[PDB]
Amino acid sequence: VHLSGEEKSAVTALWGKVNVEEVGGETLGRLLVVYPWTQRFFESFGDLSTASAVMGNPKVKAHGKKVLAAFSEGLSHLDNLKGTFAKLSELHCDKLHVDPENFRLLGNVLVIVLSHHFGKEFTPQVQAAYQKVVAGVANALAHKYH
């Protein structure tokens, strides 16, 4: 993605303070809770039928971190997100058969989560930034249908 000196500094600085154990967990749950059809891809995870179950669920918390690290790796490799996620893009889109739309919903569920967490610090200027990062990760994770 394209980021100005300042926005680049914010995206990182902030990302530095992120609780790595909570966020991707909280996020994936929020994705599961809000967009309920996304639960089809996570049935082997146990009970997802309710708000609490989504956020009580251990495997949800576990897989949630698996996504957080992939965002961080991405966050270092913004200059080459297509390469970074090329294997991962094939997994979702030749083998797991996920619609690229959700990739987009999930970045946005993440941005909320970050607001929910950082407060006044997640400024519109900082969000402005992430909405650019998250668009990219999505674009990046989707280039196997080409």
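From 1 onward, residues are counted along the sequence shown.
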Mean temperature factor over C-alpha atoms, higher-scoring stretch between 24-32 and 96-104: 96-104
Which is higher on average in the deposited entry, the C-alpha temperature factors of 82-90 or of 52-60? 82-90
Residue 45 - Cα temperature factor, lowest/middle/highest third of chain: highest
Compared with the other modelled residues in the chain, in which third is the CA B-factor of residue 77? highest
